[PDB]
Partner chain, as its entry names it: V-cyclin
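Presented as C-alpha cells, the chain that follows is alone, the form deposited without the partner chain.
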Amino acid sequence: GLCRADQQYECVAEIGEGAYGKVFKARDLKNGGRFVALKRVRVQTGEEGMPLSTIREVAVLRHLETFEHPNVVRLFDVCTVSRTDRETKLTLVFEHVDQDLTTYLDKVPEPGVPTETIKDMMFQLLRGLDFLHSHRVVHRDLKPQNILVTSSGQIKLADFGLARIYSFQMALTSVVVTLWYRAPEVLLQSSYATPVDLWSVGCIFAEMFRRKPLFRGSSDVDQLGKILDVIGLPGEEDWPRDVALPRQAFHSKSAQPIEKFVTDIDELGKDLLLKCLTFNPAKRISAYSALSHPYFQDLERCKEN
C-alpha cells in the first residue's frame, strides 16, 4: 500500500469486529510499548478509481483530531497498508484506555460513586459530546462500553464516526445488540439527529446513580414500553407523524416520580435528567445547554491536599 504498520504496532489481542474489519489491542513499539487500538477499515473503491465515502469519514476523524479535544480518544495515525483496484485497506491507530465505564461502575465500593465524581464525569461526557455535535458528528451508539475512563477519572468518547453499512450479520459473529440506550425516535424508525445522543446521556446519568441500566428492554417494542412506563404516554402532538407504531398501541400511563428509579440524585440533577429523557427530540435539551444547567454549578476542580 504505502505504509508498513506491522513494523510499528504489535497486535496482542483481538477485542472486536465491526462492518469494516477487526479491532485489535496492540503495542506501540515506537512510543514506550503503550497500548493502542488498531482498527482495520477496508475502504471500497468505485468505478472511477476513487475511494468511496468511508475515506471521507476518516477525513472527518482526522479533522476532529486537529482540535485534540480532551474528552475524545486521540487518533494517532492513519496507515494505508494496501491499495488495489477494488479496495484500500487502512489501519486507524487510536489511543486505547484500559477501563470502560461499565467496569468503573462495577468495581466502585458501596455505597456507590461519590456525588461530586458523578457530576465531574457527566460534565466531561457532555463536553465531549458537544464537541462532536458542534462539528455535526452524531455518535448514535453511546453506551458504557464505549465511554472510556482513565485511571485519573478523565472521560474519553470512543467508537464513533464511520457510517452504518450492511455487514454479513457481523461476519456471522457477535450477535446480541443492546437497545437499552436507544432513543425513542430510533426505536420508532423515525428520522434522527443529534438529540439521539442526549437520550443516551440521560440513560447513562441515571445508571451512574443506580449502577444498573434504567430501561432494559429486549426488542424495539419492549424497549419502548419500558420507556413509557416511566416517563408517561406523550401527548398526540409529541408522537411523530408517519411511523408504523401508533401511540394507541401503548398503555395510557402518567409519568412516575423519577426518584422511584433513581435514588440519591439531588433536585438539580433530577431536572437535568428529565430534560435529557424528554420523548420529543425537538424539546430535548442540547449538550451545550446541558453544560449551562445549575447542576454543574459547584464543579470543584482540584483544590489543595
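Basically, rigid core = biggest C-alpha set you can superpose within 1.5 Å across the two forms. Positions refer to the first chain, counted from 1.
Of the other compared PDB entries of this protein that include residues on both sides, all give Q189 atoms, none of them, and so not a third, leaving it without. In at least a third of the other compared PDB entries of this protein that cover both flanking sides, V176 is left without coordinates. For the pair 249-257 and 49-57, the mean B factor over Cα atoms is greater in 249-257. Relative to its counterpart among 210-218 and 139-147, 210-218 has the higher mean temperature factor, C-alpha atoms as listed in the PDB entry. Ranking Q124, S174, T91, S134 by the C-alpha B-factor listed in the PDB entry places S174 at the top. Of all the options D28, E237, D266, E65, the entry's greatest CA B-factor is assigned to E237.
Per the deposited record, the Cα B-factor of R164 falls in the middle third when ranked against the other modelled residues of its chain. Per the deposited record, the Cα B-factor of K156 falls in the lowest third when ranked against the other modelled residues of its chain.
Among all modelled residues in its chain, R74 ranks in the lowest third by Cα B-factor. Sorting the modelled residues of the chain by their CA temperature factor places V43 in the highest third. Residue-level temperature factors show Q297 in the highest third of its chain, judged at the C-alpha atom.
The form deposited with the partner chain bound is left out here; the points below concern that form.
Heavy atoms within 4.5 Å of the partner chain in the entry with it bound are found in one stretch of 226-234, 112-120, 209-217, 72-80, which is 72-80. When the partner chain is considered in the entry with it bound, only one residue from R247, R62, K253, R42 comes within 4.5 Å through any heavy atom, namely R62. Taking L90, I204, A183, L125 one by one, only a single residue has any non-hydrogen atom within 4.5 Å of the partner chain in the entry with it bound, and it is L90. At a distance threshold of 4.5 angstroms between non-hydrogen atoms, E267 is out of contact with the partner chain in the entry with it bound. In the entry with it bound, the partner chain sits within 4.5 Å of a heavy atom belonging to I55.
In the entry with it bound, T66 approaches the partner chain with a heavy atom inside 4.5 Å. Using a 4.5 Å cutoff between non-hydrogen atoms, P257 does not count as a contact of the partner chain in the entry with it bound. Residue showing a CA shift of 2 Å or more between the shown form and the other one (rigid core superposed; candidates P234, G161, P195, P213): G161. A movement of the C-alpha atom of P70 falling short of 2 angstroms is seen between the shown form and the other one when the two forms are aligned on their rigid core. Taking 2 Å as the criterion, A171 counts as shifted between the shown form and the other one: its C-alpha moves by at least this amount when the rigid core is aligned. In the core-superposed comparison between the shown form and the other one, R83 has its Cα shifted by at least 2 Å. Between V177 and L274, the Cα spacing is smaller in the entry with it bound than in the shown form, differing by no less than 3 Å. Three angstroms is the minimum change: in the entry with it bound, the CA atoms of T91 and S167 sit farther apart than in this structure, by 3 Å or more.
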